[PDB]
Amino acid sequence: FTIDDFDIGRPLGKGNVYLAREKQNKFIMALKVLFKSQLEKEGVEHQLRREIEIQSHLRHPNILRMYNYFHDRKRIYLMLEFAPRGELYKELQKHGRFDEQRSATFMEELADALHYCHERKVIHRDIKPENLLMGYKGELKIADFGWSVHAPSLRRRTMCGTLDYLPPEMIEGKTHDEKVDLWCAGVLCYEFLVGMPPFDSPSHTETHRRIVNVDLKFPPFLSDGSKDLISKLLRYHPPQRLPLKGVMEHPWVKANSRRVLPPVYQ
């Protein structure tokens, strides 16, 4: 492909991502445009290579698709699935908090997508609302794989992700595995339903303290079912965390999710 194979519609986000239409198929997608010189200057070439390598090999209805990529003299272009309902974090901010139906649906979709990743030994490591987009019927799409790693054999050491979402084992400088995603899913469920993350604190040291003590304090409006799921994900010990299959099978998820699988070709 080249850039002239596309009609540029409008910018979607400044980072630049554009709404675009592939000319021969009249097919609407997103085009992420990156500058080669900036990437080299910042020293992030291998980082970008890895992200593309991971995402371009994943095919799931709740993972944002990377169709292909191309480059010219000055730029690299990523051909991405267009998520028409946009940023999940913006929707959360707009509403303050999600109801149980919305939250349970998202959780089923997330668990399904993460299960797909874990079956391929891909760990996400940065699940949070800001890394999620929404499809035509509001379906969750994991958008970003910036901290992701293919980890087939060795346990991992890198502290990564986002303050409020960090699992105890990262904070404590232990090795970690795919079970980090299970912890982050619990934090996410709590933030969906409450509108704030569970260990919110004025200082990074106090946040760390609350995390490693699992200082969880449920607001009174939460259902017993929702607290049961969150409590089962936010376990100090990684091997004790509810498996992703367990999230999908959880009675609260079953009772409240209104998940719809998108039409498939064909």
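Residue indices: 1-based, along the sequence shown. Rigid core (definition): largest C-alpha set, two forms, superposition within 1.5 Å.
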| query | finding |
| --- | --- |
| Rigid core superposition result in 7 other deposited structures of this protein, more deviant of 231-239, 41-49 by Cα | 41-49 |
| Count class of deposited residues lacking coordinates, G15 to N16 | 1 to 3 |
| Segment of higher mean CA temperature factor, 37-45 or 225-233 | 37-45 |
| Average Cα temperature factor in the PDB entry - higher stretch of 235-243, 25-33 | 25-33 |
| Entry-reported Cα temperature factor of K121, expressed as the chain third it lands in | middle |
| For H250, the third of its chain into which the C-alpha B factor falls | lowest |
| Third assignment of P61 from its chain's C-alpha B-factors | lowest |
| CA B-factor ranking of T105, expressed as a third of its chain | lowest |
| Within-chain third of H115 by Cα B-factor, per the entry | lowest |
